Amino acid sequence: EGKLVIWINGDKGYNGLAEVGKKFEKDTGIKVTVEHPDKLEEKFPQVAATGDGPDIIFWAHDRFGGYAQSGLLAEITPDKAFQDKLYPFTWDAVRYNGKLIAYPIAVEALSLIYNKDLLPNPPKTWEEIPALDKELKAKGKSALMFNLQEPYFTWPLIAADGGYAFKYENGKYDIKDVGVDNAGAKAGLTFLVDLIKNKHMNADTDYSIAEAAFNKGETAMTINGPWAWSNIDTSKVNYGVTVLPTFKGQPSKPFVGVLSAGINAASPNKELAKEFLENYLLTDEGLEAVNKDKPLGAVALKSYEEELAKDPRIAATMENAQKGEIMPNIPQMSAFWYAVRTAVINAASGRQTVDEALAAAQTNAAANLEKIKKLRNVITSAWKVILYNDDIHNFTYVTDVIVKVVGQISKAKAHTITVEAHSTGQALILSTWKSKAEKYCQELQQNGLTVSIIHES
């Protein structure tokens, strides 16, 4: 070789990229073939110690710091003029030991997504959301549903007033300086936990419930990323995508994720890779070819982003991303994620105080990396029918319908579901197999109830 072999994830525009590679071969005579291997973030280092993986790899910047600690990635050498063409902060995302480790391609971050018919003017503050919800709850809906179960989604609030993962000392992260337990994070997590105590959100609320509920027009807001826009498009919801709400006057700080192209260390074709990435792919024509196949979202290349940001959805993605934290690339992050996943789950449930959940998370986040992975392990029926809030105040009727339709359910259980749905916005009725869930949802709906059917799994 001779040639260029590129590995890119399957949910990305892998046919557009090939069209870039087609132009490359037309100009240079070097054949570039694109491939999309299942589990390539895993399939890569099992094929990269032996030496024969791909020349260039696309994935996400947070996993590239540990790729570099394994010396498995070549140091890219862009020049002044070239670096200046991409947003400065995107370069910070691809860096380990004072040294650039990959090329930034796309930029993603959570935004506040809202339903324009339910809520023509989205709130500028988190603080005003409790009242918002009280109002909507009376109109048979709810204000907000997003994924409470995962730290990636709850962190934008927890970090707003001062939370951080690990302190940055230039080039190196300090895994002994964790920012999960300072005054800011306590304030954020207390707000979130109070949202749940005051019944404004159901504590069980996950990605699937939130997507269904927002897309059905049952909740006025949700928090998600560009990857989710397609599904709302399909649905009948006129939606907006805006800046995330402030908390204590400070912007939310979502984690930033950079789609990144790194060059393999055991590749003879390093200079050809550089030429491809810098001169063919990271150009307006080049990103446009990939994006025309399957949208990239916001991009690291200024010239094309300025064009794309004519879309306020993409403008909002970058405004939120610029207000966020670059997701640390080091592998200690695995401990951080466990620490904050566990604190939120425990604080929001009542098993711990906010202050003790975070006190423990500060130690767990900085803790020995193996001791923490050992811990994770120390701790059909896949279709769920979900009951939504509505204007039916006759709980007796609703309780009875659930009892009639669902075989298992007692009257008391049926009633408690009814109360939980109307109180929090949503409640689980049952989880069985696709056939049963469909019969039941269909039946519950015919009786005037407002239901979703959900998979997850």
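In this text, residue numbers run from 1 along the sequence as written.
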Unresolved deposited positions lying between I379 and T380 come to 10 or more
Ranked by mean Cα B-factor in the entry, 380-388 and 350-358, top stretch is 380-388
Of 90-98 vs 143-151, the stretch with the larger average CA B-factor in the entry is 90-98
Note to self: of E218, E278, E128, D79, the C-alpha temperature factor tops out at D79
When the entry's CA B-factors for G249, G257, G240, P295 are compared, the highest one belongs to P295
Among the modelled residues of its chain, the C-alpha B-factor of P120 falls in the third labelled middle
Temperature factor at the Cα of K274, chain-ranked in thirds, falls in the lowest
By the entry's values, the third containing the CA B factor of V5 is the highest
So, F166's CA B-factor, relative to its chain, sits in which third? The middle
In terms of its chain's C-alpha B-factors, the third that includes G425 is the lowest
